[PDB]
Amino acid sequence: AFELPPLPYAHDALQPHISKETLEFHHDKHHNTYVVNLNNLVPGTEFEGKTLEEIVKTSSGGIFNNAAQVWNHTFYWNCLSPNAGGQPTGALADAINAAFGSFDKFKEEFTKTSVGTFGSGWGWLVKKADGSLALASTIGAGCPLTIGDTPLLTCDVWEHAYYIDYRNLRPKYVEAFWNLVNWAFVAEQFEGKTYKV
């Protein structure tokens, strides 16, 4: 059955941008719940052998909400890391600077897309089927995988992602998340070995 992927870093590794408490709750409880619920939902269905990506790509209803949320969260943890942040270099940086004009202007628009997500949702930086870059905002457990797009970066805006550390100040959370982005991971997604399982 599906399993909860260990955190790619220590629980206190992302301080002081995201507390250890936030990670314990967000990863140990919330993420875990989605995993548990997915494992209770797949038995006896046509999703019994499929892979996470496979399920979120063909499922709907409650199976989807949980499957997509598990993936979204695993992907999300990888988009972050200690001693990171900064900017992307190489082809990624060119794709961004060419699609958004500059990295600072990409952050501006990525921030607007995230913060402007009404309610529970996610902010995304994706690569379309034509290799072009694009921003997307999903609500709930919405995942770019279902539109054939390729996720390069994501930002969880569900209130539990930041309430402990920023309360209602969602913008201050997004701003501090920039200091944790794992551009190496984003780059890998951009063009190379895309994240799976």
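When you see a residue number, it is the position in the sequence shown, counting from 1.
- Legend: mean Cα B-factor per stretch from the PDB entry, 135 to 143 versus 29 to 37; the higher mean is in 135 to 143.
- Comparing the deposited coordinates for 98 to 106 and 79 to 87, the stretch with the larger average C-alpha B-factor is 98 to 106.
- The PDB entry assigns its highest CA temperature factor, among 165, 53, 48, 156, to 48.
- In the deposited entry, the Cα temperature factor of residue 127 sits in the top third of values across the chain's modelled residues.
- Placement of the Cα temperature factor of residue 182 within the chain: middle third of the modelled residues, per the deposited record.
- Placement of the Cα temperature factor of residue 5 within the chain: middle third of the modelled residues, per the deposited record.
- Placement of the Cα temperature factor of residue 148 within the chain: highest third of the modelled residues, per the deposited record.
- In the PDB entry, a CA B factor belonging to the lowest third of its chain's modelled residues is recorded for residue 176.
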